[PDB]
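*Asks:* Before anything else, here's the structure in question.
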Amino acid sequence: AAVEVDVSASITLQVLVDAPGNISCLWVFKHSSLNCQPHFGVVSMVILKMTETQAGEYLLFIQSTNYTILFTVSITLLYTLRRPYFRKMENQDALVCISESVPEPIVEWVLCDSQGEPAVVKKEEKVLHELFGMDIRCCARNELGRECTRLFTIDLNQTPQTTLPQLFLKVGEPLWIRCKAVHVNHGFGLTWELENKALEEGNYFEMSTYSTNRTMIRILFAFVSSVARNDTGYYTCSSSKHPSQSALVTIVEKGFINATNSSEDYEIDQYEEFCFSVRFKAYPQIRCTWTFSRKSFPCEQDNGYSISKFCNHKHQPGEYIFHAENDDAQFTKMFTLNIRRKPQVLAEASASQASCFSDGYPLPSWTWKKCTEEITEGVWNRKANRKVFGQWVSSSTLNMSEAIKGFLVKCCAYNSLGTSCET
Amino acid sequence: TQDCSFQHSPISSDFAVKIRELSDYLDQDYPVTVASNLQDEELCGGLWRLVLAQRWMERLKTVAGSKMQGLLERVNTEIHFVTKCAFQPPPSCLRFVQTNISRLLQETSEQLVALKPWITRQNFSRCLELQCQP
Ligand SMILES: *[C@@H]1O[C@H](CO)[C@@H](O)[C@H](O)[C@H]1NC(C)=O
Ligand SMILES: *[C@@H]1O[C@H](CO)[C@@H](O)[C@H](O)[C@H]1NC(C)=O
């Protein structure tokens with residue numbers, strides 16, 4: 001009944017109780033609603049890094065019968081971790097990075113000098129003056145882990161993405177957009193426009209650096225310190241001697257996690273590689289973890305979204321869980337995969353009381369139906385899947401006769417893959 | 001003879017680092033003649049001082065050894081833009097004093113700081129002829 005949460009801890013609280021049938025539940029969080037879809041039944045109640053806000057009264061009831069449950073999540077150590085915010089130097093042409101966390105974290109800079117995006121030297125100095133082209137990255141290392149940040153730069157001196165580039169920002173967190181332009185001659189200028197209208201006065205920032213044989217490389221930054229639903233629009237950046245590259249910018253007052261959602265049912269055969277992937281587009285950094293009967297495996301993030309797959313199946317069927325709890329929103333997605341090994345009947349139970357139950361196992365296509373053929377049979381199994389955890393292995397029992405045959409013993413499995421029988 | 005108003009800024013933001021790097025790696029303090037009587041104007045005179053400095057930078061490329069050629073040319077490329085305007089030959093009235101390459105480099109950087117915010121705003125066609133004022 002009483003839960004004690006120490007710091008940003010990652011533990012599971014989505015226990016399963018035997019409830020199969022026409023049962024549907026709905027999560028009732030601390031003075032707020034929570035949409036869920038269980039498998040009957042167990043619903044999304046596990047947590048990865050329980051934030052100082054994420055604690056309190058959490059209820060859950062069934063709606064068809066109506067019985068409600070109650071859990072009290074309680075929490076001192078002053079642990080804080082927040083993504084770094086970019087900033088422009090005070091009366092100087094340089095960019096300094098700052099991070100709001102306890103204690104002051106070590107911030108380093110990265111710039112992939114090679115043609116593509118472990119490599120390239122990190123200059124941990126915070127105030128960065130040398131910043132032209134490449135993938136600009138800024139990460140922090142505090143006592144509560146590691147919170148990364150990425151400075152977006154759209155290089156005009158490259159082929160277009162052609163996939164509608166976008167960048168969602170948090171209401172209040174500053175908005176930054178730079179243009180890594182490369183022109184042989186010095187006569188080249190970049191301009192910022194929202195919808196064919198000039199950029200705000202408090203946004204213009206020029207930093208033209210000269211590189212290689214008589215060649216210049218200019219960068220036009222777009223700075224907006226306080227962002228709001230006023231600057232939610234597609235921003236373009238055209239140049240004097242370079243094509244017009246553009247990127248849409250949307251705002252969210254809290255956050256957003258969106259995912260396509262799959263059929264959640266697979267008839268995978270032996271080997272054949274097979275993978276369970278999720279198409280999720282989300283802001284901010286999606287903290288993901290896959291769960292499978294106590295397993296903990298973290299996941300990695302053409303360009304319209306960032307998908308991630310879980311190829312650690314290794315012929316282990318069952319219900320695979322995929323949680324993704326961001327720093328504001330929560331999401332969970334379970335999928336069911338069964339093995340195509342259809343099956344040898346051998347797990348017979350020698351019951352002496354009236355008739356011995358002979359059961360055949362494995363999964364999903366399994367049928368138990370027993371020299372010559374004998375008429376009149378007992379049970380025929382028939383039961384719904386996902387009905388609480390308990391004992392290992394599941395079989396389809398189909399033997400309960402009263403005829404006096406003597407030594408014979410039933411159990412003869414028949415399926416699409418083949419046949420087998422017990423003693 | 002062009003309007004001399006530059007389309008986009010010819011003065012880069014990293015000129016100070018480039019000048020300090022040449023100042024710290026110079027093995028010898030080469031003899032250089034800065035001007036002592038150019039007509040009194042910081043903006044108008046800035047271009048004139050850079051034209052004289054650019055000639056010295058080109059001259060230094062022809063006398064510095066193999067190892068120093070790259071560093072000298074790096075400075076030359078930052079101030080080569082003055083060669084795009086039809087600046088006329090220095091008048092016979094022009095006077096100058098002998099100094100060292102370190103001082104010339106520092107003076108050059110100072111002129112670029114002063115000229116940078118005005119190079120694309122005003123028409124400097126009337127500056128093609130260097131003027132004196134004793
Ligand atoms: C030198 O400049 C010319 C003209 O822009 C160019 O073709 C050449 O590739 C440049 N050299 C290098 C090493 O980039
Ligand atoms: C949006 O910004 C403009 C410019 O500052 C301002 O005039 C306008 O009132 C703002 N609108 C809202 C809804 O804040």
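Chain labels A, B, ... are given in the sequence in which chains occur in the structure tokens; within each chain residues are numbered consecutively from 1, and ligands are likewise numbered from 1 in the order shown.
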Excluding residue 38 of chain A and residues on its chain fewer than 2 positions from it, collect all residues at most 12 Å away from it, counting only C-alpha atoms, and give them as a PyMOL selection string.
*Replies:* chain A and resi 14-17+19-27+35-36+40-45+60-62+319+321+332-335+386-387
*Asks:* Restricting it to C-alpha atoms, dump the selection as a tab-separated table (two decimals), in the first residue's frame.
*Replies:*
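Here's the written file again37.tsv:
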chain	number	residue	atom	x	y	z
A	14	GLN	CA	2.91	-3.32	-13.11
A	15	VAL	CA	2.12	-6.60	-11.33
A	16	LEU	CA	-0.27	-9.16	-12.88
A	17	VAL	CA	-3.39	-10.55	-11.11
A	19	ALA	CA	-8.30	-11.59	-14.45
A	20	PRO	CA	-9.11	-13.07	-17.92
A	21	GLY	CA	-12.24	-12.20	-19.90
A	22	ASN	CA	-14.30	-9.06	-20.65
A	23	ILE	CA	-12.24	-6.82	-18.34
A	24	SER	CA	-10.97	-3.29	-19.19
A	25	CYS	CA	-9.22	-0.84	-16.84
A	26	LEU	CA	-8.31	2.91	-16.80
A	27	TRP	CA	-5.49	4.59	-14.80
A	35	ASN	CA	-5.07	6.31	-20.84
A	36	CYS	CA	-3.96	2.66	-20.89
A	40	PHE	CA	-6.16	-9.77	-20.35
A	41	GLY	CA	-4.74	-8.30	-16.86
A	42	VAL	CA	-1.67	-6.04	-16.60
A	43	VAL	CA	-1.59	-2.30	-17.49
A	44	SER	CA	1.28	0.29	-17.77
A	45	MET	CA	2.41	0.92	-14.15
A	60	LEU	CA	-6.86	1.75	-11.07
A	61	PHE	CA	-10.32	0.16	-11.51
A	62	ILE	CA	-12.18	-2.23	-13.88
A	319	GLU	CA	4.80	-10.93	-24.19
A	321	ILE	CA	7.00	-4.91	-23.16
A	332	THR	CA	4.02	1.73	-23.05
A	333	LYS	CA	3.58	-0.85	-25.86
A	334	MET	CA	3.35	-4.65	-25.50
A	335	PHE	CA	3.68	-7.15	-28.37
A	386	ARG	CA	-2.55	-14.22	-21.17
A	387	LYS	CA	-4.18	-15.39	-17.91
*Asks:* Give me, as a list in words, the contact residues of chain A against chain B at a cut-off of 6 Å, counting only C-alpha atoms.
*Replies:*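 The contacting residues on chain A are residues 187, 208 and 209 of chain A.
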*Asks:* Counting only C-alpha atoms and all ligand atoms, what residues are within 10 Å of ligand 1, given as a list in words?
*Replies:*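 Those residues are residues 183, 184, 185, 211, 212, 213, 214 and 215 of chain A.
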*Asks:* I'd like the contact shell of segment 43-54 of chain B - 7 Å cut-off, only C-alpha atoms, skipping same-chain residues fewer than 5 positions apart - returned as a count of residues only.
*Replies:* 11
*Asks:* So that I can see what lies close to segment 71-73 of chain A, please list as a PDB file with N, CA and C atoms, in the first residue's frame the residues with an atom at most 6 Å from it, counting only C-alpha atoms and leaving out residues fewer than 6 positions away in the same chain.
*Replies:*
ATOM      1  N   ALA A   1       0.826  -1.203   0.000  1.00  0.00           N
ATOM      2  CA  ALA A   1       0.000   0.000   0.000  1.00  0.00           C
ATOM      3  C   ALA A   1       0.865   1.260   0.000  1.00  0.00           C
ATOM      4  N   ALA A   2       1.976   1.235   0.748  1.00  0.00           N
ATOM      5  CA  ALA A   2       2.890   2.367   0.853  1.00  0.00           C
ATOM      6  C   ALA A   2       4.149   2.139   0.019  1.00  0.00           C
ATOM      7  N   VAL A   3       4.463   3.084  -0.874  1.00  0.00           N
ATOM      8  CA  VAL A   3       5.631   3.017  -1.757  1.00  0.00           C
ATOM      9  C   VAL A   3       6.668   4.079  -1.350  1.00  0.00           C
ATOM     10  N   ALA A  55       4.855  11.314  -8.330  1.00  0.00           N
ATOM     11  CA  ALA A  55       4.630  10.645  -7.042  1.00  0.00           C
ATOM     12  C   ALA A  55       3.273  11.055  -6.451  1.00  0.00           C
ATOM     13  N   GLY A  56       2.617  10.140  -5.740  1.00  0.00           N
ATOM     14  CA  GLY A  56       1.342  10.438  -5.095  1.00  0.00           C
ATOM     15  C   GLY A  56       0.278   9.358  -5.147  1.00  0.00           C
ATOM     16  N   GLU A  57      -0.991   9.781  -5.165  1.00  0.00           N
ATOM     17  CA  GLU A  57      -2.128   8.867  -5.209  1.00  0.00           C
ATOM     18  C   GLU A  57      -2.349   8.338  -6.629  1.00  0.00           C
ATOM     19  N   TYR A  58      -2.252   7.011  -6.803  1.00  0.00           N
ATOM     20  CA  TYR A  58      -2.456   6.357  -8.096  1.00  0.00           C
ATOM     21  C   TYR A  58      -3.487   5.223  -7.980  1.00  0.00           C
TER      22      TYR A  58
END
*Asks:* Where does chain A meet ligand 2 within 8 Å, residue by residue, with the nearest atom pair and distance in Å to one decimal for each, counting only C-alpha atoms and all ligand atoms, listed by chain and rising number, as a tab-separated table?
*Replies:*
residue	atom	partner	partner_atom_place_in_ligand_line	distance
A:228	CA	ligand 2	14 (O)	7.5
A:229	CA	ligand 2	13 (C)	7.2
A:230	CA	ligand 2	1 (C)	5.0
A:231	CA	ligand 2	1 (C)	7.3
*Asks:* Compare B:64, B:1, B:132, B:91 by their minimum atom-to-atom distance to residue 28 of chain B, counting only C-alpha atoms, and give me the closest one.
*Replies:*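 Between B:64, B:1, B:132, B:91, the residue approaching residue 28 of chain B most closely is B:64.
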*Asks:* When you look at segment 257-262 of chain A with a cut-off of 8 Å (counting only C-alpha atoms), what residues show up, excluding the ones that are within fewer than 4 positions of it in the same chain? I need them as a VMD selection string.
*Replies:* chain A and resid 278 to 283 329 to 331 333
*Asks:* With distances taken over only C-alpha atoms, which residue among B:26, B:4, B:119, B:101 lies nearest residue 71 of chain B?
*Replies:*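 Result for the nearest residue to residue 71 of chain B: B:26.
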*Asks:* Identify all residues of chain B in strand (DSSP E or B) (DSSP on the backbone) and supply them as a ChimeraX atom specification.
*Replies:* /B:31,35,38,96,100,132
*Asks:* Using only C-alpha atoms, please write the residues we just selected to a file, as a short mmCIF file (atom, residue, chain, number, x, y, z; two decimals), in the first residue's frame.
*Replies:*
data_model
loop_
_atom_site.label_atom_id
_atom_site.label_comp_id
_atom_site.auth_asym_id
_atom_site.auth_seq_id
_atom_site.Cartn_x
_atom_site.Cartn_y
_atom_site.Cartn_z
CA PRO B 31 61.78 45.11 -40.68
CA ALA B 35 52.50 55.84 -42.55
CA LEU B 38 47.92 60.00 -43.79
CA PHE B 96 56.44 56.71 -43.07
CA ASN B 100 58.88 45.76 -36.81
CA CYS B 132 48.28 63.28 -46.80
#
*Asks:* Hey, what does DSSP flag as helix (DSSP H, G or I) within chain B? Can you give it to me as a VMD selection string?
*Replies:* chain B and resid 15 to 25 42 to 61 66 to 84 101 to 115 125 to 127
*Asks:* As an exercise, work out the distance from atom CA of residue 197 of chain A to atom CA of residue 174 of chain A in Å and give it to one decimal place.
*Replies:*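 Interatomic distance here is 20.8 Å.
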*Asks:* Residue 249 of chain A: which residues within 7 Å, counting only C-alpha atoms, same-chain residues fewer than 5 positions away excluded, as number ranges by chain?
*Replies:* A: 166-168, 232-235
*Asks:* Can you spit out the residues from that selection as a PDB file, in the first residue's frame, using N, CA and C atoms?
*Replies:*
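Result saved to again-v3.pdb:
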ATOM      1  N   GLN A 166      12.064  19.093 -39.352  1.00  0.00           N
ATOM      2  CA  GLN A 166      11.329  19.734 -38.262  1.00  0.00           C
ATOM      3  C   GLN A 166      12.093  19.714 -36.931  1.00  0.00           C
ATOM      4  N   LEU A 167      11.713  20.604 -36.001  1.00  0.00           N
ATOM      5  CA  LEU A 167      12.345  20.685 -34.687  1.00  0.00           C
ATOM      6  C   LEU A 167      11.364  21.203 -33.640  1.00  0.00           C
ATOM      7  N   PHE A 168      10.867  20.315 -32.769  1.00  0.00           N
ATOM      8  CA  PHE A 168       9.927  20.713 -31.726  1.00  0.00           C
ATOM      9  C   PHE A 168      10.687  21.275 -30.530  1.00  0.00           C
ATOM     10  N   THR A 232       5.433  29.637 -33.371  1.00  0.00           N
ATOM     11  CA  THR A 232       5.195  28.275 -33.861  1.00  0.00           C
ATOM     12  C   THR A 232       4.887  28.346 -35.365  1.00  0.00           C
ATOM     13  N   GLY A 233       5.920  28.221 -36.187  1.00  0.00           N
ATOM     14  CA  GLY A 233       5.770  28.279 -37.636  1.00  0.00           C
ATOM     15  C   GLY A 233       6.984  27.768 -38.384  1.00  0.00           C
ATOM     16  N   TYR A 234       6.836  27.523 -39.695  1.00  0.00           N
ATOM     17  CA  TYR A 234       7.932  27.018 -40.520  1.00  0.00           C
ATOM     18  C   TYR A 234       8.953  28.117 -40.839  1.00  0.00           C
ATOM     19  N   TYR A 235      10.205  27.946 -40.387  1.00  0.00           N
ATOM     20  CA  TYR A 235      11.264  28.931 -40.615  1.00  0.00           C
ATOM     21  C   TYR A 235      12.164  28.577 -41.804  1.00  0.00           C
TER      22      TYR A 235
END
*Asks:* Would you compute the distance between atom CA of residue 171 of chain A and atom CA of residue 132 of chain A? Give it in Å to one decimal.
*Replies:*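 Taking atom CA of residue 171 of chain A and atom CA of residue 132 of chain A, their separation equals 27.6 Å.
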*Asks:* Could you work out how far atom CA of residue 292 of chain A lies from atom CA of residue 360 of chain A, giving the answer in Å with one decimal?
*Replies:*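 Taking atom CA of residue 360 of chain A as the start and atom CA of residue 292 of chain A as the end point, the length is 25.1 Å.
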*Asks:* Report as a ChimeraX atom specification all protein, DNA and RNA residues lying within 12 Å of residue 63 of chain B, evaluated on only C-alpha atoms, omitting residues in the same chain fewer than 4 positions from it.
*Replies:* /B:28,30-32,56-59,67-69,72-73
*Asks:* Could you write out that same residue set with N, CA and C atoms as an mmCIF file, in the first residue's frame?
*Replies:*
data_model
loop_
_atom_site.group_PDB
_atom_site.id
_atom_site.type_symbol
_atom_site.label_atom_id
_atom_site.label_comp_id
_atom_site.auth_asym_id
_atom_site.auth_seq_id
_atom_site.Cartn_x
_atom_site.Cartn_y
_atom_site.Cartn_z
ATOM 1 N N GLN B 28 61.691 35.738 -36.320
ATOM 2 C CA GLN B 28 62.442 36.982 -36.398
ATOM 3 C C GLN B 28 61.509 38.167 -36.546
ATOM 4 N N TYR B 30 61.013 40.850 -38.521
ATOM 5 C CA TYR B 30 61.247 41.429 -39.844
ATOM 6 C C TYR B 30 61.046 42.939 -39.901
ATOM 7 N N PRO B 31 61.932 43.655 -40.605
ATOM 8 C CA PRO B 31 61.784 45.112 -40.684
ATOM 9 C C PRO B 31 60.742 45.523 -41.705
ATOM 10 N N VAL B 32 59.770 46.322 -41.274
ATOM 11 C CA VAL B 32 58.723 46.801 -42.168
ATOM 12 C C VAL B 32 58.642 48.323 -42.138
ATOM 13 N N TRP B 56 52.903 45.031 -47.679
ATOM 14 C CA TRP B 56 53.926 44.453 -46.824
ATOM 15 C C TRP B 56 53.733 42.972 -46.613
ATOM 16 N N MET B 57 52.485 42.530 -46.458
ATOM 17 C CA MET B 57 52.202 41.113 -46.284
ATOM 18 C C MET B 57 52.610 40.319 -47.518
ATOM 19 N N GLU B 58 52.342 40.861 -48.713
ATOM 20 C CA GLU B 58 52.732 40.199 -49.958
ATOM 21 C C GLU B 58 54.252 40.163 -50.070
ATOM 22 N N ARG B 59 54.918 41.261 -49.691
ATOM 23 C CA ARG B 59 56.371 41.369 -49.710
ATOM 24 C C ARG B 59 57.010 40.355 -48.759
ATOM 25 N N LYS B 67 58.984 27.384 -44.026
ATOM 26 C CA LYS B 67 58.142 27.161 -42.854
ATOM 27 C C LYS B 67 57.236 28.344 -42.495
ATOM 28 N N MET B 68 57.653 29.573 -42.814
ATOM 29 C CA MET B 68 56.855 30.758 -42.494
ATOM 30 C C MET B 68 55.887 31.193 -43.589
ATOM 31 N N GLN B 69 56.018 30.645 -44.802
ATOM 32 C CA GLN B 69 55.171 31.046 -45.917
ATOM 33 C C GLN B 69 53.685 30.822 -45.685
ATOM 34 N N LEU B 72 52.377 33.461 -43.084
ATOM 35 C CA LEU B 72 52.335 34.799 -43.665
ATOM 36 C C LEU B 72 51.170 34.921 -44.652
ATOM 37 N N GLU B 73 50.971 33.892 -45.490
ATOM 38 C CA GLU B 73 49.884 33.889 -46.470
ATOM 39 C C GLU B 73 48.521 33.867 -45.803
#
